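Colleague: For reference, the structure I am asking about is given below.
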Amino acid sequence: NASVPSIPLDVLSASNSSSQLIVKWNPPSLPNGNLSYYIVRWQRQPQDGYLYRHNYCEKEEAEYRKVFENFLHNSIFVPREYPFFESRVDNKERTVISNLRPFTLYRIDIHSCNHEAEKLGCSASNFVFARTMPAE
Amino acid sequence: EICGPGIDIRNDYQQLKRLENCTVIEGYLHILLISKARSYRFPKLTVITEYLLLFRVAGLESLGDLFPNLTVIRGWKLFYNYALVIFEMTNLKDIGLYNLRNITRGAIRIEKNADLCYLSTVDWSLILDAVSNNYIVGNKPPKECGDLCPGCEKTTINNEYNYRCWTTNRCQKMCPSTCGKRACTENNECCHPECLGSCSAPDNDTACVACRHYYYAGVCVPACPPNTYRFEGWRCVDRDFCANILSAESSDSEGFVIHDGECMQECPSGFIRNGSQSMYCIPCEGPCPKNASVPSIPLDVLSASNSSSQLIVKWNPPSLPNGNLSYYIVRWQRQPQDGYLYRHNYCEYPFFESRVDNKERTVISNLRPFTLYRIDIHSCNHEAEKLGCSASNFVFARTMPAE
């Protein structure tokens with residue numbers, strides 16, 4: 001049976017420029033199928049709550065497990081508030097995002113699909129946080 | 001109802017309704033392959049002898065939904081020495097089994113419950129004995145489950161001390177040292193000593209939820225009355241009851257048999273039925289017809305006192321005998337009563353040495369009553385008299401106090 005890809009591996013990100021971000025990741029541990037594409041999402045995160053207001057100035061277990069397998073072998077299993085910007089990934093586990101708010105924090109979500117995500121759905125996200133370079 | 005002689009529940013929760021009238025289950029419970037298309041509650045169930053097994057029960061979020069009052073599992077027989085197994089319970093988030101007061105025999109194994117929280121929020125040492133045998137793997141990562149207890153109560157959980165909870169709304173309920181080894185009712189009212197787990201009234205063997213030893217006619221009892229005999233390991237039945245018991249249908253199927261005061265499906269090995277397959281077993285006399293190195297320290301050296309000025313002591317053969325065991329040589333030393341302590345007003349010791357003949361047991365005499373003693377036992381193989389004797393296996397024990 002086909003399945004949901006693994007989450008992306010080794011999700012890693014940086015900013016090389018103010019208002020710009022670079023992100024790199026690695027292909028999923030188990031594609032379980034041809035990858036189709038990755039989808040990366042990002043959203044402005046608010047700067048942390050409060051903060052603003054305050055003035056800061058021997059073993060045998062395999063024969064055990066077989067017991068659970070033996071009951072299974074009696075039955076088959078047979079498959080038939082700020083806005084997000086978003087972009088799909090065509091190829092690389094790398095993409096670049098621009099016109100970001102300088103020095104703001106963003107969430108980045110990365111999902112890894114496969115050829116069956118049009119039917120199975122795409123994988124859950126592997127995700128990381130990074131900050132853009134401030135507006136020099 | 002005494003349900004039985006064995007329960008196998010699979011596929012559908014609509015089949016789970018068999019429990020509506022059950023309160024005791026004779027024999028194991030298996031729960032397999034259930035998938036749902038609801039809440040369920042079975043507070044009538046209170047004690048299971050033997051073990052409970054659940055496997056791939058989709059659609060249950062917490063165990064306190066089904067079996068809140070399930071108070072004792074005896075584990076008289078074990079699944080590979082396990083009395084409870086929970087496997088691949090996708091979606092189970094907590095153990096709200098908050099009346100669970102004892103698991104008598106058996107270890108616990110807990111695998112693949114990837115959403116289970118309240119993992120180590122339960123003091124297993126309160127409810128069951130050799131917790132060191134448990135196996136808890138692949139469940140929701142506690143570092144990321146981030147369990148929580150209200151407040152309730154806490155204990156020295158391994159290297160920690162931490163609050164103990166079944167679920168956010170229910171803790172692992174416990175009894176004070178006024179009951180201690182003995183059970184209690186909710187309000188810390190001590191149960192009857194023949195009782196087990198929670199009680200509907202304190203100190204009454206006729207008001208028990210369960211019995212530690214045996215049950216009969218609404219009475220918790222230590223052993224079967226003379227015309228009553230041990231059955232399974234929890235209740236007594238009369239000579240005629242087992243006389244009604246044809247064993248399980250089998251090529252070797254016969255009536256149950258009574259022996260050593262237990263009524264059992266068949267005689268223990270080395271014993272046979274009297275005469276024409278009689279109700280009682282009898283033993284068969286004979287087979288029934290168809291270089292050195294330094295020894296380890298001794299093992300399991302243990303000792304106690306039954307009298308002032310005396311001690312009794314027992315041990316086990318060493319981990320590595322490294323030879324034929326010859327004998328044991330026992331030493332003992334006075335410890336001081338603990339340092340500091342003495343100075344506040346709250347209102348050089350000799351070794352003895354002696355050499356054992358044969359037993360892992362010996363007696364020591366003329367001690368000061370209530371003084372603490374170190375016993376050092378050195379274990380010397382036939383070449384230890386050249387090699388040097390073993391390091392010690394050791395214990396500290398106290399003489400019974402002088403009144």
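By order of appearance in the structure tokens: chains A, B, ..., then residues from 1 within every chain, and ligands from 1 in the order shown.
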If we count only C-alpha atoms, what is near residue B:256 at a cut-off of 6 Å, once residues fewer than 2 positions away on the same chain are taken out, given as a VMD selection string?

Modeller: chain B and resid 242 245 247 264 to 265

Colleague: Kindly provide the residues of chain B that approach chain A to within 10 Å, each paired with its closest atom pair and their distance in Å to one decimal, based on only C-alpha atoms, listed by chain and increasing number, as a tab-separated table.

Modeller:
```
residue	atom	partner	partner_atom	distance
B:32	CA	A:71	CA	8.1
B:33	CA	A:72	CA	8.2
B:55	CA	A:68	CA	8.1
B:79	CA	A:64	CA	9.2
B:80	CA	A:64	CA	7.8
B:87	CA	A:68	CA	9.2
```

Colleague: Which residues come within 7 Å of residue B:401, counting only C-alpha atoms, excluding same-chain residues fewer than 3 positions away, as a CSV table (one decimal) with N, CA, C and O atoms, in the first residue's frame?

Modeller:
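Writing the result to selection-v3.csv gives the following:
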```
chain,number,residue,atom,x,y,z
B,308,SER,N,15.8,-10.2,71.2
B,308,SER,CA,16.9,-9.5,71.7
B,308,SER,C,18.1,-10.3,71.9
B,308,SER,O,18.0,-11.5,72.3
B,369,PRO,N,20.9,-5.8,72.5
B,369,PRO,CA,19.6,-5.5,71.9
B,369,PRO,C,19.4,-4.1,71.4
B,369,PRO,O,19.8,-3.1,72.0
B,370,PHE,N,18.8,-4.0,70.2
B,370,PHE,CA,18.6,-2.8,69.4
B,370,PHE,C,19.8,-2.1,68.9
B,370,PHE,O,19.7,-1.0,68.4
```

Colleague: Please determine, counting only C-alpha atoms, which residue among A:67, A:40, A:52, A:79 has the shortest atom-to-atom distance to residue A:23.

Modeller: A:40

Colleague: Using only C-alpha atoms, which protein or nucleic acid residues come within 10 Å of residue B:331? Drop anything in the same chain fewer than 6 positions from it, and give the result as a list in words.

Modeller: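 Near neighbours after the sequence-gap exclusion: residues 350, 351, 352, 353, 354, 355, 374, 375, 376, 377, 378, 392 and 394 of chain B.
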
Colleague: Separation of atom CA of residue B:211 and atom CA of residue B:52, in Å?

Modeller: 18.9 Å

Colleague: Would you mind listing what lies within 9 Å of stretch 133-143 of chain B as a VMD selection string, with only C-alpha atoms counted and same-chain residues fewer than 3 positions away left out?

Modeller: chain B and resid 81 to 82 88 93 106 to 120 130 146 to 147

Colleague: How many Å lie between atom CA of residue B:281 and atom CA of residue B:51, rounded to one decimal?

Modeller: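 One can read the atom CA of residue B:281 to atom CA of residue B:51 distance as 27.9 Å.
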
Colleague: DSSP on the backbone: which residues in chain A end up as alpha helix (DSSP H)? Give the answer as a count of residues only.

Modeller: 16

Colleague: So that I can check the secondary structure, give me every residue of chain A assigned strand (DSSP E) by backbone DSSP, as a ChimeraX atom specification.

Modeller: /A:9-17,20-26,38-44,84-89,94-98,105-112,125-131

Colleague: Which residues, written as a list in words, have at least one atom at most 8 Å from residue B:60, with only C-alpha atoms counted and residues fewer than 6 positions away on the same chain left out?

Modeller: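 Residues meeting the cut-off are residues 39, 91 and 92 of chain B.
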
Colleague: For the selection you just gave me, I'd like the residues written to a file as a PDB file, in the first residue's frame, keeping C-alpha atoms.

Modeller:
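Just written: part38.pdb:
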```pdb
ATOM      1  CA  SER B  39     -18.638   6.556  25.462  1.00  0.00           C
ATOM      2  CA  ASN B  91      -5.791   7.809  20.602  1.00  0.00           C
ATOM      3  CA  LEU B  92      -5.673   6.670  24.247  1.00  0.00           C
TER       4      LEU B  92
END
```

Colleague: Just want the 8 Å neighbourhood of stretch 160-168 of chain B, counted on only C-alpha atoms, with same-chain residues fewer than 5 positions away dropped. Output as an MDAnalysis selection string.

Modeller: chainID B and resid 94:98 118 120:123 148:150 152:155

Colleague: For residue A:87, which of A:105, A:57, A:62, A:39 is the closest residue, counting only C-alpha atoms?

Modeller: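 Closest to residue A:87 of all the choices is A:39.
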